[PDB]
């Protein structure tokens, strides 16, 4: 009378389905999820510096819309723009809005350095009832609305060299009056012009007179432009009317800063990966939460689940 010795392996009563080269579904004893498909719904305030825009877009904070004055000294790793943001100053547009927003977002600061531009023979500090400050009319904090002095608006011609070792961002504009009467009344000349240049490039803008839709009492507009001045280069501004002048420059940096559109609330917690839906854990290699991410994030994929087998084939009794 001998003995029997049987070799075998484990099983569980209910395994997990995985995909292979040959099968779309095969049962194994265990698997682990490789796609992150859920969020807390909240943006964690660490370890990245989160700046909540609240009622302000980055561009309104840059220009210095009065309700955005609280952002003047601000820096961020991630600026969060909310769908409730609104503009409440002189009606404006930005040709290439998306680029200006991108480059400021990427710079990560609104650090503004005032420069002593000399505007000879014009009135400075124009304001509007579309952009109220205190009891009176006002304007964008970083822009200087120049108009005639006496009965003349001379050819303005100023220079500002960059002798620093960083890039300077200058924001300026052009005013588009709604009538010929307003044009000549503000700037004397029947047609204005703004030419802003550095050693190797230039932009010339001719204003356009006509009604746009009424916004905060006005059919006129400002168009916003920008110029980067590199170390060793020089800014020249030349205008015989309609110039919305810079007061200085924004000190540019490079680094890890960006901007995101989201309505998720900010919370006190730690998460490396941020999506517009909220922060997500980054222990998994893939995620299906949002193609928009910031930080150390799983890669976006279309699958909502992908199981990595962590055990053998399940062959129950």
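Residue numbers count along the first chain shown, from 1.
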item	value
Between the two ranges 35-43 and 60-68, the one averaging a larger CA B factor in the entry	35-43
Given 24-32 and 277-285, the range whose Cα B-factors average higher in the PDB entry	24-32
Identity of residue with top Cα B-factor, from 88, 109, 114, 149	149
Largest Cα B-factor, entry values, listed residues 252, 292, 50, 269	269
Residue 74 by Cα B-factor - lowest, middle or highest third of the modelled chain	middle
Position of residue 170 among the chain's modelled residues by C-alpha B-factor, lowest, middle or highest third	lowest
For residue 12, the third of its chain into which the C-alpha B factor falls	highest
Ranked C-alpha temperature factor of residue 132 among modelled chain residues, by third	middle
Residue 161 by Cα B-factor - lowest, middle or highest third of the modelled chain	middle
